[PDB]
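Below you will find one chain, with nothing else, as structure tokens; this is the form solved without P-nitrophenol (NPO), and questions on how it binds or moves follow later.
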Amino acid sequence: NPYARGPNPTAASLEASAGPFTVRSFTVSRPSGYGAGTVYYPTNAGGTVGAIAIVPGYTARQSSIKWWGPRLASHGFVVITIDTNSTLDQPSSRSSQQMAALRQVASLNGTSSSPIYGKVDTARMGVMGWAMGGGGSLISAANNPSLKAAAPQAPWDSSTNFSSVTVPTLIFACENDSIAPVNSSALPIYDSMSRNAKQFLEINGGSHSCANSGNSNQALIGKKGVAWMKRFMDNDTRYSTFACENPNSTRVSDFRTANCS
């Protein structure tokens, strides 16, 4: 597998705060099409790596989803976390901005003067995000089927029919979400997808911010996010077991998966 990076994983290595690669980061000087961004990247990765763009929810900023930057980058990805043009941007706008962030990562990859010149395989991209940013990630996936993976958290959109999504999609849900309730939001969205590899992981007792920075379930959430991205973005079947497993955990109140391998 030409995309495989790093050593064979274990549950403990995936549950730790960081993976095997050193992470460097920089703030984007001139954001193109979004408000602000921070790029996280691995050093001495052993090859080009995929890129992931992460967008927050309504009223929120990078801080809400920042943990994923070093968490994912340390396992071999270039990650861009963004602030939107406005904190009041809706899901469609968030999707457009998420794609603009991936675009800028691609721009930086091809620009001789950037720190990440030649570090990215621009044909391998992923999308993540929280709440309206989760809805945005799903819209991105629906409109851009070449994306290799999606892993939104506590997603919301005004529509729940995401049957057009063919991208491998993992949905993190928060059991006690009162903003985007699981039964009216995450679950119907999940249930609408009939054409892809998909997964649904619901966090026991979780509020709407249960997958955000500083959360108490980073061991599990981070393991699953990294495993999903590794399996689908890198086609790395060393991660199939972790990507597909139904975790035996009291931290999980519901688990669903389909077409996973």
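Residue numbers run from 1 along the displayed sequence.
The form solved in complex with P-nitrophenol (NPO) exists for this protein as well; it is not shown, and the discussion that follows is about that form.
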Interface membership of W156, P-nitrophenol (NPO) in the bound PDB entry, 4.5 Å heavy atom rule: yes
**Item:** Contact of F200 with P-nitrophenol (NPO) in the bound PDB entry (heavy atom, 4.5 Å)
**Value:** no
Answer yes if any heavy atom of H208 is within 4.5 Å of a heavy atom of P-nitrophenol (NPO) in the bound PDB entry; otherwise answer no.
yes
- Task: Spell out, yes or no, whether the shortest heavy atom distance between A131 and P-nitrophenol (NPO) in the bound PDB entry is within 4.5 Å.
- Result: yes
Assert contact residue (P-nitrophenol (NPO), in the bound PDB entry, non-hydrogen atom within 4.5 Å, options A180, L187, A142, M99) equals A180
Which of 144-152, 166-174, 67-75, 131-139 lies within 4.5 Å of P-nitrophenol (NPO) in the bound PDB entry, heavy atoms considered? The stretch 131-139
Taking P-nitrophenol (NPO) in the bound PDB entry and a 4.5 Å non-hydrogen atom cutoff, the residues of 45-61 making contact are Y58
